[PDB]
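Chemist: One structure coming up, written as structure tokens, with questions to follow.
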Amino acid sequence: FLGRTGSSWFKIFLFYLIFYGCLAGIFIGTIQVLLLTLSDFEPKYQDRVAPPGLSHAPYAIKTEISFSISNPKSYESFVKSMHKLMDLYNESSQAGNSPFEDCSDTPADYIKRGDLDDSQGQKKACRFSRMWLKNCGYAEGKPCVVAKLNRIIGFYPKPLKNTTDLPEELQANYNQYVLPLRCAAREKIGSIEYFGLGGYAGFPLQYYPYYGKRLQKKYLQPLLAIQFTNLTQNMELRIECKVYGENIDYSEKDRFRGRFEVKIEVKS
Amino acid sequence: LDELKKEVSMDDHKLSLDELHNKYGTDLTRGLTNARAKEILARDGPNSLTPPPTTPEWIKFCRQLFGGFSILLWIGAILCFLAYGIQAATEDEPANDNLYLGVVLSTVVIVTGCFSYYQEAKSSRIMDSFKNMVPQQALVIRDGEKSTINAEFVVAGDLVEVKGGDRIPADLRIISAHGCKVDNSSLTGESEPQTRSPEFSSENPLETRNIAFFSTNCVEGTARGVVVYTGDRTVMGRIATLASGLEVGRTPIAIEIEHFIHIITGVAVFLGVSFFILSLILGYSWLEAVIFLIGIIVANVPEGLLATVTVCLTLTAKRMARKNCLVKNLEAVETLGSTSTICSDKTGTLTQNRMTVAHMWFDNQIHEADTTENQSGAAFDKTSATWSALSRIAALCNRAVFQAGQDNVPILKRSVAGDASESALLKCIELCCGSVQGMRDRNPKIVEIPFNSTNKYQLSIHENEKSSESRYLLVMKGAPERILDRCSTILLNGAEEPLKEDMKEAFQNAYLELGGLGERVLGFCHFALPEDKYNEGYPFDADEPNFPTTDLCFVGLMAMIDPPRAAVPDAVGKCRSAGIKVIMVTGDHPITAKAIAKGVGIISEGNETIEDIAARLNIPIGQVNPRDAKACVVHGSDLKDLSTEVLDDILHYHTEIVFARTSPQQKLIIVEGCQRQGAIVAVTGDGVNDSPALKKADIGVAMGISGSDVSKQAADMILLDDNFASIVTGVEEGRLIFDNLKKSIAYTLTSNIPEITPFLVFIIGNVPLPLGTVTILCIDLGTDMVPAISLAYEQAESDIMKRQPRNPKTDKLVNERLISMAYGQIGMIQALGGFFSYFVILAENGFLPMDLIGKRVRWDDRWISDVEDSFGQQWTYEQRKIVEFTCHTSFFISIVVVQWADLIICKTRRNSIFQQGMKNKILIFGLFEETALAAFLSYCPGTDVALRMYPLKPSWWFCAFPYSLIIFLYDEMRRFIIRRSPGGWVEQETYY
Amino acid sequence: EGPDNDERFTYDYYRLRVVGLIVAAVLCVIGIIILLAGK
Ligand SMILES: *[C@@H]1O[C@H](CO)[C@@H](O[C@@H]2O[C@H](CO)[C@@H](O)[C@H](O)[C@H]2NC(C)=O)[C@H](O)[C@H]1NC(C)=O
Ligand SMILES: CC(C)CCC[C@@H](C)[C@H]1CC[C@H]2[C@@H]3CC=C4C[C@@H](O)CC[C@]4(C)[C@H]3CC[C@]12C
Ligand SMILES: *[C@@H]1O[C@H](CO)[C@@H](O)[C@H](O)[C@H]1NC(C)=O
Ligand SMILES: [K+]
Ligand SMILES: [Mg+2]
Ligand SMILES: [Tl+]
Ligand SMILES: [Tl+]
């Protein structure tokens, strides 16, 4: 033929069949032992998610949400993702004492449901009403963005203490139980309005620590609705929403490390 | 074009002096007119040689920039700029990826260009050396007056004059001469002075006395002649053009390189476009379809391989430089290993090029002297009183002297003023009797008759050094038979005795044997003149026989020859044991050529020519079956009337071939004949008459000390110490480097698979990219470099000089067996070890292997800063990318770790590491430096930006260890099978 | 620890780099030693 005879062509096939078969069987074996060394409830390493990311619902083309108020299908793209998220926070999804629980309607302290063990059933998560998100189809004019803190197993988000000076200096400082979120731009051509649990501009600490998908399915993380009823129009406004805390940090590279990058433009 | 120049020349030495003048419109006495000479100048053109048109270095450099790998790397470099252009227009990408990768790849092509350019070097100044043989000026007779003119202004027809010490300015017809002798070594390779006279003495113009040639010099006397040829039209000017004009051609090693380039280029374009369409079918945007292709290019092309080859060659050439063997062309480092036939000059190559005493006949006994340079033999006789009598004649009846200031150099190597035979005798006595000058001071010469054409003897009368005598001793030497007709007694073991027919017959026997050995034989005799008949003041007349020259006492015979170099016989046998055929090709006479052939082992004992059979059986040569003769001796005059097909039959039908009295073109023809049969041929030589053959040879080797400038220009290799044993070393080195290149190539190729497979699974699996493009270049250009080179220092696995020369048609540098092992077996194991570490990194950070399938879409999505892992955690864009790049880093390090084992297994093709050992210090160096480089690239701060290399956790380093070990075991088991059964299965499938 | 389990999300990449570079250097020196056993 090309290389060899039929007899040789066969033998080279019988070899590579057994050979690659063995190699596949060995590869799988090493994957088995790897998995055997891992927990079902907690990942081996967590230093790469460490400082929590802050992500929002409006799917930004490039950290930007520009549209026209005087146009219907101009914002119907951002309403798709906005709906996708809030559709999960339905009351019909949170039914019965299992696996949900009614928690303080005001920001409270942490809740420990034991260890990362299966020695108990599904760890009961705090309910969250999308109805706590006042004012927010969504904002056809002047968007109503929804913030979110990335989930990390066993992470206890710790707010800053009012020992020294603060950006939003001491205003509504629920020091003990709220992780604040203050959006900014100089360039003050807007109108910041925050909505959340208990009416505070933060995340209620009663939703922590997260026990993971395996030990807490259907779990709901707290949301923080933000509305920009800015009196300006037809210009790119670089708005940055920042979260503050002891366990919260940022990076010049990762522009989502505990903060937002939104470029709103109501070009109408 | 040069087929005309490969033919024997035609001449006009047969014409009379007068007749020759009519042909050139010339005067025998007055010479040409100033006007007629200038007319002929413009007519024929200058008496000069024009160098052939060369290829500029520009075109030579750029021709390498387009050879398979460079072509693919160019397509990659441009395709980078393509994707970059498409980006800069569509979505403003502030990145530098495609732009920089395009710059990097273009640089890789340029630098790789320098390496191949360095390897494909051609240092040739043939025509320049020939031009150096034309004198600046010549002496001509014009308008009846002699004047010096620019030799280029010399034309056919003018009257030229030459004298001892000057170069022949052009081909001349001798019309007048006085004691003129010439050095025709340019045409023959033999430096013994040849007389020139107006008389025609041979039909063959290269042998007649009435022609003098350009490229030769007058050694003594004076001559006048008419110019018959000028410039390019001279006999050796044509040889110049032939030699300078000959197409170089591709070396065996070069052909091998191009061959695997085709193979690897083939699989590259195959998988390249095979997966380019496979991606579009899967619905991949052309934006991405090209990005994958660039990666495929980089994965398939072994970027550092061609440069490795060059370095391995260079390092092998450095070792040979250290044995006095200079390599002018890097590729010639290997040709000697692939050589199946050596065509060797005799004089100054196989031989020392110096008349040396070989045997002596005295006391009715043949004695042998030591002919070797360094005198590696033993003594023959010292005791016999006869010896001292013969020794005295050899010293006394001798007019040769050592040049001043030689006392530093060895006797046999020092320059001597005199003819070759007298120098030989001088050096013979000086060696075994001490200072000859002393013997010539103790015995003052009073009268002598120098060797005469008519007398055929030379005699001398000396004052006997003996005090009790202080009388007159007569000594003489000459033609053995002439000396015999002048002897009455023979000095036997001390005492004289009558010359009976018995001893006279033993003389003839001794004389015939020595002459049969191709040796020049001389007779020696002396006579103690009677005291009473010769007073202390008796005057001797040299002009008229004033003393007896008959009834003298015969002392002995001495024989001499230009002997082989000490190492030559043994080197010839070694070449022949390695299955190399050795042919002699010489301008010298057949009797001498044949005798040295037997001396060095070109013709082995018992082997006969058709002429030998005929003489032994006493039958006509036509009655001899030529197939009964394995040896042959072909004279150039017969070679001339043979067609190439008939020359091919001679080459095919004889194992032991001697081509004697060959012209320079004839040497070229014999070389071409050998090549025509498909053989790789080496030429060894030292003369300008070797230049065409040396050029045409696959490899020409010139002698460094004895070699002429031309020969060393025509060669690929120079033996700087004239050590013929270096050929044996050269062939051995050549074979070793050929095997080691295979090892180094397999090693380099093996790591291509773990660079290809990640890109494929990236498409078919939709997982995050396991390894990057930049990461690949860190391997092929970084870590693999020193290890790959180090394989050039591997010792032989067996006695390589015991095997036959490779068949260049069947035995390739890269074959299917190499690809099967490198691509199908070892590289495949390396790929898995890479993937394993990849799955380990991701799974330990929260992305278990199961959830990875079909995630790249969301993984690469720059706007999704919340991808969910297996544990329910959310990752930003840059966070998961850090893990991904950490995966690139550990995959990279996995390659290094699996290349550890590969380096050790590529060490040997057959033998076990437990047999060959670990005595390669460069290889071990490679292991340490490779690992140092990898660690540095991972842990050095800032490398995460320039190369996207991230720090690895200690446990990460050990992921591929079990795969590295399986490689070592697998290959060790496999080679154990090879050795345990030379049959073929494992052998014919995987044995590189 | 409980709410004070910050060490769980921390890794000393600084020490690892220091050690990694020490090792790389020493492997580089060791290599020179073995190579220079004859040049
Ligand atoms: C989650 O809540 C949303 C609230 O808008 C539900 O949307 C309803 O969709 C139905 C049918 O398309 C409409 O008739 C209603 O007007 C919507 N709102 C309400 C309050 O009922 C959505 O269907 C819910 N999703 C799930 C899975 O239950
Ligand atoms: C990534 C995976 C799926 C690709 C696997 C490719 C396999 C099938 C390839 C890789 C190397 C290949 C072999 C390389 C060498 C030879 C020897 C030659 O004389 C005949 C073909 C043969 C035997 C090839 C057959 C196919 C082969 C085994
Ligand atoms: C939000 O909606 C409420 C009614 O639910 C209305 O009273 C109020 O004006 C709205 N706020 C703004 C800022 O438009
Ligand atoms: K050559
Ligand atoms: Mg010679
Ligand atoms: Tl490569
Ligand atoms: Tl490679």
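Following the order of the structure tokens, chains are lettered A, B, ..., residues in each are numbered from 1, and ligands are numbered from 1.
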Could you tell me which residues of chain A sit within 6 Å of chain B when counting only C-alpha atoms, and give me the result as a ChimeraX atom specification?

Modeler: /A:43-45,150-152,212-213,254

Chemist: When DSSP works through the backbone of this structure, what residues of segment 42-251 of chain A end up as strand (DSSP E), shown as a ChimeraX atom specification?

Modeler: /A:64-67,100-101,125-126,146-148,178-184,192-195,202-204,223-228,237-243

Chemist: May I have the residues from that selection written out with N, CA, C and O atoms, as a compact mmCIF listing (two decimals), in the first residue's frame?

Modeler:
```txt
# COMPACT_ATOMS: atom_id res chain seq x y z
N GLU A 64 -20.23 48.84 29.62
CA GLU A 64 -21.04 49.97 29.17
C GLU A 64 -22.48 49.58 28.86
O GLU A 64 -22.74 48.50 28.31
N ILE A 65 -23.41 50.47 29.21
CA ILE A 65 -24.83 50.26 28.91
C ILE A 65 -25.46 51.53 28.31
O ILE A 65 -26.12 52.30 29.00
N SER A 66 -25.22 51.73 27.02
CA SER A 66 -25.75 52.89 26.30
C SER A 66 -27.01 52.53 25.52
O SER A 66 -27.09 51.45 24.92
N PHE A 67 -27.99 53.43 25.54
CA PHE A 67 -29.27 53.22 24.89
C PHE A 67 -30.04 54.53 24.69
O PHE A 67 -29.59 55.59 25.12
N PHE A 100 -35.99 27.03 52.86
CA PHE A 100 -35.86 28.45 53.18
C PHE A 100 -36.31 28.81 54.60
O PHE A 100 -37.07 28.08 55.24
N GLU A 101 -35.83 29.96 55.08
CA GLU A 101 -36.17 30.47 56.40
C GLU A 101 -36.38 31.98 56.36
O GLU A 101 -35.66 32.70 55.67
N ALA A 125 -31.20 28.37 53.95
CA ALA A 125 -30.79 29.71 53.52
C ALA A 125 -31.86 30.76 53.83
O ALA A 125 -33.05 30.45 53.89
N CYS A 126 -31.41 31.99 54.02
CA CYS A 126 -32.31 33.12 54.25
C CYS A 126 -33.07 33.49 52.99
O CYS A 126 -32.50 33.54 51.90
N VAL A 146 -28.65 46.47 39.09
CA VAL A 146 -28.67 45.58 40.26
C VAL A 146 -27.28 44.98 40.54
O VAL A 146 -26.74 44.26 39.71
N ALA A 147 -26.74 45.29 41.71
CA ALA A 147 -25.42 44.82 42.13
C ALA A 147 -25.48 43.45 42.81
O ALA A 147 -26.56 42.97 43.17
N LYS A 148 -24.31 42.83 43.00
CA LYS A 148 -24.20 41.48 43.54
C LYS A 148 -22.76 41.18 43.99
O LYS A 148 -21.81 41.49 43.28
N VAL A 178 -23.67 45.78 58.14
CA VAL A 178 -23.89 46.16 56.73
C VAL A 178 -22.61 46.35 55.92
O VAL A 178 -21.72 47.11 56.33
N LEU A 179 -22.53 45.68 54.77
CA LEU A 179 -21.42 45.86 53.83
C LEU A 179 -21.81 46.89 52.75
O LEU A 179 -22.51 46.55 51.80
N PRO A 180 -21.33 48.14 52.90
CA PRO A 180 -21.79 49.28 52.10
C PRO A 180 -21.38 49.23 50.63
O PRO A 180 -20.39 48.58 50.28
N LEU A 181 -22.15 49.92 49.79
CA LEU A 181 -21.86 50.06 48.37
C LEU A 181 -22.19 51.48 47.91
O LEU A 181 -23.35 51.86 47.79
N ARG A 182 -21.14 52.26 47.68
CA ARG A 182 -21.28 53.65 47.27
C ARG A 182 -20.73 53.85 45.85
O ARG A 182 -19.55 53.63 45.60
N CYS A 183 -21.62 54.24 44.94
CA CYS A 183 -21.24 54.52 43.55
C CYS A 183 -20.82 55.98 43.37
O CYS A 183 -21.35 56.87 44.03
N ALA A 184 -19.86 56.20 42.48
CA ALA A 184 -19.33 57.54 42.23
C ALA A 184 -18.97 57.74 40.75
O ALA A 184 -19.27 56.89 39.92
N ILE A 192 -27.60 59.49 42.66
CA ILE A 192 -27.49 58.13 43.20
C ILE A 192 -28.63 57.79 44.16
O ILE A 192 -28.93 58.54 45.09
N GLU A 193 -29.27 56.65 43.91
CA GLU A 193 -30.36 56.15 44.75
C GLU A 193 -30.19 54.65 44.95
O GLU A 193 -30.17 53.89 43.99
N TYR A 194 -30.05 54.23 46.21
CA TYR A 194 -29.80 52.83 46.52
C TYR A 194 -31.00 52.14 47.16
O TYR A 194 -31.69 52.73 47.99
N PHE A 195 -31.22 50.90 46.77
CA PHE A 195 -32.29 50.07 47.33
C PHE A 195 -31.73 48.72 47.77
O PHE A 195 -30.86 48.16 47.11
N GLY A 202 -26.45 48.30 51.32
CA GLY A 202 -25.45 47.27 51.57
C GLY A 202 -25.96 45.85 51.45
O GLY A 202 -27.03 45.60 50.90
N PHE A 203 -25.16 44.91 51.96
CA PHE A 203 -25.54 43.50 51.98
C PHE A 203 -25.69 43.03 53.43
O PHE A 203 -24.76 43.16 54.22
N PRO A 204 -26.89 42.51 53.77
CA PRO A 204 -27.16 41.99 55.11
C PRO A 204 -26.31 40.76 55.45
O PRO A 204 -26.34 39.77 54.72
N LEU A 223 -29.10 41.06 47.10
CA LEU A 223 -28.95 42.00 45.99
C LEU A 223 -29.02 43.44 46.47
O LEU A 223 -29.60 43.72 47.52
N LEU A 224 -28.44 44.34 45.69
CA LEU A 224 -28.49 45.76 45.98
C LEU A 224 -28.84 46.54 44.72
O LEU A 224 -27.98 46.74 43.85
N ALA A 225 -30.09 46.96 44.62
CA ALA A 225 -30.56 47.74 43.48
C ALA A 225 -30.04 49.17 43.55
O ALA A 225 -30.09 49.81 44.60
N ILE A 226 -29.54 49.67 42.42
CA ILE A 226 -29.02 51.03 42.31
C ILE A 226 -29.67 51.74 41.14
O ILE A 226 -29.66 51.24 40.01
N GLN A 227 -30.24 52.92 41.40
CA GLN A 227 -30.91 53.70 40.37
C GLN A 227 -30.23 55.05 40.15
O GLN A 227 -29.95 55.78 41.10
N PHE A 228 -29.97 55.36 38.88
CA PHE A 228 -29.31 56.60 38.50
C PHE A 228 -30.29 57.51 37.77
O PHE A 228 -30.32 57.54 36.54
N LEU A 237 -21.00 58.64 30.90
CA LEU A 237 -20.70 58.88 32.30
C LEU A 237 -20.09 57.63 32.91
O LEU A 237 -20.74 56.58 33.01
N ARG A 238 -18.83 57.74 33.31
CA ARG A 238 -18.11 56.63 33.91
C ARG A 238 -18.45 56.55 35.40
O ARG A 238 -17.92 57.31 36.21
N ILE A 239 -19.35 55.63 35.74
CA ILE A 239 -19.79 55.44 37.12
C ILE A 239 -19.21 54.17 37.74
O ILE A 239 -19.36 53.08 37.19
N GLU A 240 -18.55 54.33 38.88
CA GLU A 240 -17.91 53.22 39.57
C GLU A 240 -18.57 52.96 40.92
O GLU A 240 -18.57 53.82 41.79
N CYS A 241 -19.14 51.76 41.07
CA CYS A 241 -19.71 51.33 42.34
C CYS A 241 -18.69 50.53 43.13
O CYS A 241 -18.20 49.50 42.66
N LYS A 242 -18.37 51.01 44.33
CA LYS A 242 -17.34 50.40 45.17
C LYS A 242 -17.92 49.84 46.46
O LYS A 242 -18.74 50.49 47.12
N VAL A 243 -17.49 48.63 46.83
CA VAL A 243 -17.85 48.03 48.11
C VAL A 243 -16.69 48.18 49.09
O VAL A 243 -15.52 48.15 48.69
```

Chemist: Show which residues sit within 10 Å of residue 540 of chain B, as JSON, numbers by chain. Count only C-alpha atoms, and ignore same-chain residues fewer than 5 positions away.

Modeler: {"B": [446, 447, 448, 461, 534, 545, 546, 547]}

Chemist: How about saving the chosen residues, C-alpha atoms kept, as a compact mmCIF listing (two decimals), in the first residue's frame?

Modeler:
```txt
# COMPACT_ATOMS: atom_id res chain seq x y z
CA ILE B 446 90.89 16.70 -4.37
CA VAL B 447 89.38 15.86 -7.77
CA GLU B 448 85.93 14.80 -9.05
CA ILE B 461 89.14 11.12 -5.28
CA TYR B 534 100.40 7.91 -6.52
CA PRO B 545 91.50 9.82 -17.61
CA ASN B 546 94.64 10.33 -15.50
CA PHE B 547 93.68 7.40 -13.26
```

Chemist: Using the chain letters and numbers from this document, which residues of chain C does DSSP assign to helix (DSSP H, G or I), as a ChimeraX atom specification?

Modeler: /C:6-9,13-35

Chemist: Within 9 Å of residue 774 of chain B, counting only C-alpha atoms, which residues show up once you throw out same-chain ones fewer than 5 positions away? Write them as a PyMOL selection string, please.

Modeler: chain B and resi 101+947-948

Chemist: Let's have the selection written as a PDB file, in the first residue's frame, with N, CA, C and O atoms.

Modeler:
```pdb
ATOM      1  N   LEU B 101       3.460  38.816  18.782  1.00  0.00           N
ATOM      2  CA  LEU B 101       3.679  37.446  18.325  1.00  0.00           C
ATOM      3  C   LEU B 101       4.086  37.418  16.852  1.00  0.00           C
ATOM      4  O   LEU B 101       4.881  36.573  16.441  1.00  0.00           O
ATOM      5  N   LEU B 947       5.541  37.013  29.553  1.00  0.00           N
ATOM      6  CA  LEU B 947       5.395  35.665  29.008  1.00  0.00           C
ATOM      7  C   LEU B 947       4.158  34.945  29.533  1.00  0.00           C
ATOM      8  O   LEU B 947       3.864  33.828  29.106  1.00  0.00           O
ATOM      9  N   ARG B 948       3.442  35.591  30.451  1.00  0.00           N
ATOM     10  CA  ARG B 948       2.264  35.008  31.104  1.00  0.00           C
ATOM     11  C   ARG B 948       2.605  33.711  31.845  1.00  0.00           C
ATOM     12  O   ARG B 948       1.865  32.725  31.795  1.00  0.00           O
TER      13      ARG B 948
END
```

Chemist: Which residues come within 8 Å of residue 198 of chain A, counting only C-alpha atoms, excluding same-chain residues fewer than 3 positions away, as an MDAnalysis selection string?

Modeler: chainID A and resid 105:107 132

Chemist: Could you list, as a PyMOL selection string, every residue within 9 Å of segment 23-35 of chain C, counting only C-alpha atoms and ignoring same-chain residues fewer than 4 positions away?

Modeler: (chain B and resi 921-922+924-929+931-936+939) or (chain C and resi 18-19+39)

Chemist: Within 7 Å of segment 2-13 of chain C, which residues of segment 13-119 of chain A show up? Give each one with its shortest atom-to-atom distance in Å (one decimal) and the two atoms involved, counting only C-alpha atoms, rows by chain then rising residue number, as JSON lines.

Modeler:
```
{"residue": "A:46", "atom": "CA", "partner": "C:9", "partner_atom": "CA", "distance": 5.2}
{"residue": "A:47", "atom": "CA", "partner": "C:9", "partner_atom": "CA", "distance": 4.4}
{"residue": "A:50", "atom": "CA", "partner": "C:9", "partner_atom": "CA", "distance": 5.1}
```

Chemist: Could the residues that lie within 12 Å of ligand 6, counting only C-alpha atoms and all ligand atoms, be listed as a PDB file with C-alpha atoms, in the first residue's frame?

Modeler:
```pdb
ATOM      1  CA  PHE B  69       9.715  25.820   8.114  1.00  0.00           C
ATOM      2  CA  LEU B  72       5.137  28.165   7.558  1.00  0.00           C
ATOM      3  CA  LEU B  73       6.530  30.593  10.146  1.00  0.00           C
ATOM      4  CA  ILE B 264       7.255  17.745   8.925  1.00  0.00           C
ATOM      5  CA  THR B 265       5.995  20.514   6.597  1.00  0.00           C
ATOM      6  CA  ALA B 268       1.960  20.644   9.365  1.00  0.00           C
ATOM      7  CA  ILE B 294      -1.372  30.332  14.022  1.00  0.00           C
ATOM      8  CA  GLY B 295      -1.169  28.062  17.080  1.00  0.00           C
ATOM      9  CA  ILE B 296      -1.235  24.965  14.869  1.00  0.00           C
ATOM     10  CA  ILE B 297       1.696  26.416  12.874  1.00  0.00           C
ATOM     11  CA  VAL B 298       3.771  27.106  15.990  1.00  0.00           C
ATOM     12  CA  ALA B 299       2.969  23.662  17.426  1.00  0.00           C
ATOM     13  CA  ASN B 300       3.925  21.712  14.271  1.00  0.00           C
ATOM     14  CA  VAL B 301       7.083  23.584  13.281  1.00  0.00           C
ATOM     15  CA  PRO B 302      10.074  22.672  15.485  1.00  0.00           C
ATOM     16  CA  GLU B 303      11.362  26.263  15.709  1.00  0.00           C
ATOM     17  CA  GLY B 304      14.733  25.412  17.237  1.00  0.00           C
ATOM     18  CA  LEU B 305      15.610  22.303  15.248  1.00  0.00           C
ATOM     19  CA  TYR B 747      14.097  14.482  21.025  1.00  0.00           C
ATOM     20  CA  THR B 748      13.083  17.809  19.527  1.00  0.00           C
ATOM     21  CA  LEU B 749      10.133  16.390  17.582  1.00  0.00           C
ATOM     22  CA  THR B 750       8.775  14.385  20.523  1.00  0.00           C
ATOM     23  CA  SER B 751       7.762  17.593  22.337  1.00  0.00           C
ATOM     24  CA  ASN B 752       5.681  18.711  19.306  1.00  0.00           C
ATOM     25  CA  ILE B 753       2.812  16.419  20.273  1.00  0.00           C
ATOM     26  CA  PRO B 754       2.192  17.920  23.746  1.00  0.00           C
ATOM     27  CA  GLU B 755       2.102  21.310  21.968  1.00  0.00           C
ATOM     28  CA  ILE B 756      -0.313  20.178  19.206  1.00  0.00           C
ATOM     29  CA  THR B 757      -2.821  18.130  21.252  1.00  0.00           C
ATOM     30  CA  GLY B 772      -0.457  29.061  24.835  1.00  0.00           C
ATOM     31  CA  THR B 773       1.492  29.996  21.700  1.00  0.00           C
ATOM     32  CA  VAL B 774       4.124  31.962  23.657  1.00  0.00           C
ATOM     33  CA  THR B 775       4.559  28.940  25.956  1.00  0.00           C
ATOM     34  CA  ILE B 776       5.474  26.726  22.960  1.00  0.00           C
ATOM     35  CA  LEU B 777       8.330  29.088  21.963  1.00  0.00           C
ATOM     36  CA  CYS B 778       9.610  28.947  25.564  1.00  0.00           C
ATOM     37  CA  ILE B 779      10.113  25.210  24.976  1.00  0.00           C
ATOM     38  CA  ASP B 780      11.483  24.970  21.422  1.00  0.00           C
ATOM     39  CA  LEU B 781      13.568  28.117  21.697  1.00  0.00           C
ATOM     40  CA  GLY B 782      14.319  27.863  25.410  1.00  0.00           C
ATOM     41  CA  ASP B 784      14.811  22.031  24.777  1.00  0.00           C
ATOM     42  CA  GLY B 827       5.036  12.397  22.459  1.00  0.00           C
ATOM     43  CA  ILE B 895       6.860  19.141  29.144  1.00  0.00           C
TER      44      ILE B 895
END
```

Chemist: For chain A against chain C, which residues fall within 10 Å using only C-alpha atoms, given as a list in words?

Modeler: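 Matching residues, ligands excluded from the count: residues 44, 45, 46, 47, 48, 49, 50, 51, 110, 112, 115, 152, 154, 155, 156, 157, 158, 208, 209, 246 and 247 of chain A.
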
Chemist: If you count only C-alpha atoms and all ligand atoms, which residues end up within 7 Å of ligand 4, as a list in words?

Modeler: residues 248, 694, 695, 696, 697, 698, 699, 700, 714, 715 and 716 of chain B

Chemist: Can you work out which residues are within 7 Å of ligand 3, considering only C-alpha atoms and all ligand atoms, and then hand them over as a CSV table (one decimal) with N, CA, C and O atoms, in the first residue's frame?

Modeler:
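Result went into selection.csv, see below:
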```csv
chain,number,residue,atom,x,y,z
A,134,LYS,N,-37.0,48.3,45.8
A,134,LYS,CA,-38.0,49.4,45.5
A,134,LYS,C,-37.7,50.0,44.1
A,134,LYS,O,-36.6,50.0,43.7
A,135,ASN,N,-38.8,50.5,43.5
A,135,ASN,CA,-38.7,51.0,42.1
A,135,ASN,C,-38.4,50.1,41.0
A,135,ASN,O,-38.8,50.3,39.9
A,229,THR,N,-31.1,58.3,38.5
A,229,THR,CA,-32.1,59.2,37.9
A,229,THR,C,-31.4,60.5,37.5
A,229,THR,O,-32.0,61.6,37.7
```
